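Chains as they are written, first to last, in this note's numbering: chain A, 504 to 744; chain B, 49 to 280; chain C, 81 to 330.
What follows is the structure, given as structure tokens:
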């Protein structure tokens, strides 16, 4: 029927509307598309790529290449902790600037599992054992090597393997906004910690200090919802770049 | 969650980048001694809005259409109160495609060029809207260009001439005896049918210039007290 | 002993480990423009040059304890080499892919890790944020440019602080580009195959750097006293499927 009624919401501008728009250049023939390598369809493809974790974000190490490397001295430290961090890939200072972390800061809620890779960058002659301990959410970090061994853990022998991979489930956002004040400790998130099972020993010509590197990416299908503004841009809306 | 709640439709290109944003606000007047105050102009670019620029710059090459919506409000200046009569104001939004003539005043002929598409809009209606297709002579827009615009001493590093998308101009459509009015226009920007190639790391440092990538050196992340996790 | 293979291209031969893995950028092998050889080839003829397919070995660099990294801008790194360099002068438009080998000469008693990454459109920022980079600060052909440990303050130079990769991003996020890690306790070489990547089918090879090769040590070199104090790093490049505008009448 040609006679109609206009309903509430007529003639308003809703910034999220999806209506057909009039075309300003209808006679213009656009350049045809050509194949370009590396087409992206979804932002989760970026988050599934490993990036280096700045585990050593202590002091001035963030202003150099030292943030990305964890120092291990030979002949010392059996039974002590090498490093550890909470499993909050969006809000923790350890993870918030990686490829996975920056994508997650654009969304209010997310969940999935993360893949953690540890690489020993010492000489081929340096041998030793590490305990990689996983604490489930609500448990808290282990206190000694015995407690770490009594939970979920992998014994990493760097004399046999340069790399060790952990797939950590039950990863989800903990807050509606960015709460880094609990950045060191999250009561809803677990931990990964590394322990000296043995020290690192070597021959006389491989006594140099060694390093471990950590990589992170989304392990499987990761879910994100509720796109928002990233908190890494502020005061620049006023400055107009 | 539930048995298959795995959802990623919100991180698709269209939902990550296809959100209407306010990219520019400016004003123009019906009457002024200074001619440049009687019209407004804006070169279409996304590089001056930080939030959109960061999102757009996770990719090297892009293709999209642009939908433009104009929110135009007016107010009366402080002057003689005899002009209590308010004939309804009409507006002209002019798109100048790459290579089109550009106006120098409100009286320039370019306001009448048949090759500059224009909208004529009177106050009290739904906001005017117009769409621009993909405008480049090349096959994609480039967010990054590691080259020089031409081979000369006047070449500009990082400037790709093929990213030209046009300009928008705004003026009142006056009768013989207009009143003194000021109009503010807010331009709303939406990308449509987006394709993107070659992903890049997100911008870490603050943006310094709208035309290049210059930055001050910034630490890779924020600091914590200890490298170990301690039981609190 | 590990198996090795010899590769001859034109009048050059190199040896590689058969156990070395190849990274193909974005999964795309270089190819000619043949898919669009319709009517446009009459008004825009193009010609290949298969004699540019040979190995060009650049000057080697020395990986030291205090080394922060090197970078090479491409097409530009080969502008003075040979028939490839000559074709850059004679042909206004061109396109090409590449095979890149990065090899380290290290012993089992050396330790350290490198990242080898090819970054398309690697636009670099200026050391003064109100000025612009000169062309010599970006590349000098075959000669490598170096990163620094921290911020510099050159008037028209590149901001070369390594942990921002001269582009204003976290350097740990550079794995989004085609890359290979070199860990001296497991491997000593990288092979990256780069297709042609641009917003147009062809471009001027003196005006535009299509990608930049970066070699950045994430873990520094270390050794015992009396050993060699550096590890040589050699870059070898073979252009693949180079194509240029035709010079004849229609």
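All C-beta atoms, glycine included, are put in the ideal place defined by N, C-alpha and C.
Runs of the beta strand (DSSP E) lying entirely within the stretch 130 to 214 of chain B and spanning at least 3 residues, in chain order: 138 to 144, 166 to 170, 177 to 180.
For the stretch 573 to 584 of chain A, the beta-carbon criterion of a distance under 8 Å to any beta-carbon of chain C is satisfied by none of its residues.
For residue 243 of chain C, no alpha helix (DSSP H) segment is defined, and its DSSP state is neither H nor E.
Per DSSP, the continuous beta strand (DSSP E) segment holding residue 694 of chain A begins and ends at 694 to 699.
Looking at the backbone, the Cα of residue 149 of chain B and that of residue 240 of chain B are separated by about 27 Å. Classified as exposed, residue 664 of chain A has fewer than 16 neighbouring CB atoms from the shown chains inside 10 Å of its CB. Under a 10 Å Cβ-count criterion, residue 168 of chain B is classified as exposed, with fewer than 16 other Cβ atoms of the shown protein chains found around its own Cβ. Taken through DSSP and simplified to helix, strand or coil, residue 251 of chain C comes out as helix.
Check the Cα spacing between residue 198 of chain C and each of C:324, C:301, C:106: the tightest is with C:106. Residue 276 of chain C places its beta carbon less than 8 Å from that of residue 177 of chain C. Nearest neighbour of residue 217 of chain B by Cα position, chosen from B:188, B:92, B:237, turns out to be B:92. When DSSP states are grouped into helix, strand and coil, residue 636 of chain A belongs to the strand group. The three-state reading of DSSP puts residue 565 of chain A in helix, counting H, G and I together. Within the stretch 583 to 653 of chain A, the alpha helix (DSSP H) runs of at least 4 residues that lie entirely inside it are, in chain order, 602 to 607, 648 to 653. Between the stretch 211 to 228 of chain C and the stretch 153 to 169 of chain C there are three or more inter-stretch CB-CB distances shorter than 8 Å, so the stretches are counted as touching. Proximity of residue 289 of chain C to chain B, defined by a Cβ-Cβ separation below 8 Å, is satisfied. According to the DSSP secondary-structure assignment, residue 123 of chain B is paired through a beta bridge with B:230. Each residue's CA atom was taken as its position, placing residue 124 of chain B and residue 130 of chain B some 13 Å apart. In this structure, the beta-carbon distance from residue 690 of chain A to residue 641 of chain A falls below 8 Å. Fully enclosed alpha helix (DSSP H) runs of no fewer than 4 residues occupy 215 to 218 of the stretch 186 to 247 of chain C, in order along the chain. Contact between residue 705 of chain A and residue 618 of chain A does not hold, since the beta-carbon distance rounds to 30 Å and is not under 8 Å.
Contacts with chain A at 8 Å (Cβ-Cβ) do not include residue 156 of chain B. At the C-beta level, residue 175 of chain B and residue 516 of chain A come within 8 Å of one another.
Taking a beta-carbon distance threshold of 8 Å, residue 220 of chain C does not count as an interface residue toward chain A. 537, 538, 539, 540, 541: these are the residues of the stretch 517 to 546 of chain A whose beta carbon lies less than 8 Å from some beta carbon of chain C, given in chain order.
If you ignore the 5 residues before and after residue 96 of chain B, its C-beta comes within less than 8 Å of the C-beta of 71, 72, 258, all in its own chain and listed in chain order. Between residue 245 of chain B and the set B:166, B:110, B:224, B:116, the nearest pair of CA atoms involves B:110.
Residues of the same chain with a CB within less than 6 Å of the CB of residue 229 of chain C, apart from the 5 flanking positions on each side, are 148 in chain order. With a threshold of 16 other beta carbon atoms within 10 Å, residue 646 of chain A falls short and is exposed. When the beta-carbon positions are compared, residue 191 of chain C and residue 662 of chain A stay at least 8 Å from each other. Beta-bridge analysis with DSSP links residue 714 of chain A to A:574.
Residue 115 of chain C carries a helical assignment under DSSP once its states are collapsed to helix, strand and coil.
The beta-carbon distance between residue 178 of chain B and residue 213 of chain B, rounded to whole angstroms, is 13 Å. This is too long to meet the 8 Å contact definition. Membership of residue 549 of chain A in any beta strand (DSSP E) is not indicated; the residue belongs instead to the alpha helix (DSSP H) covering 547 to 550. Taken atom to atom, the span from the alpha-carbon of residue 93 of chain C to that of residue 133 of chain C is near 12 Å. Listed in chain order, the non-local C-beta contacts of residue 300 of chain C below 7 Å within the same chain comprise 145, 192, local neighbours out to five positions each way being set aside.
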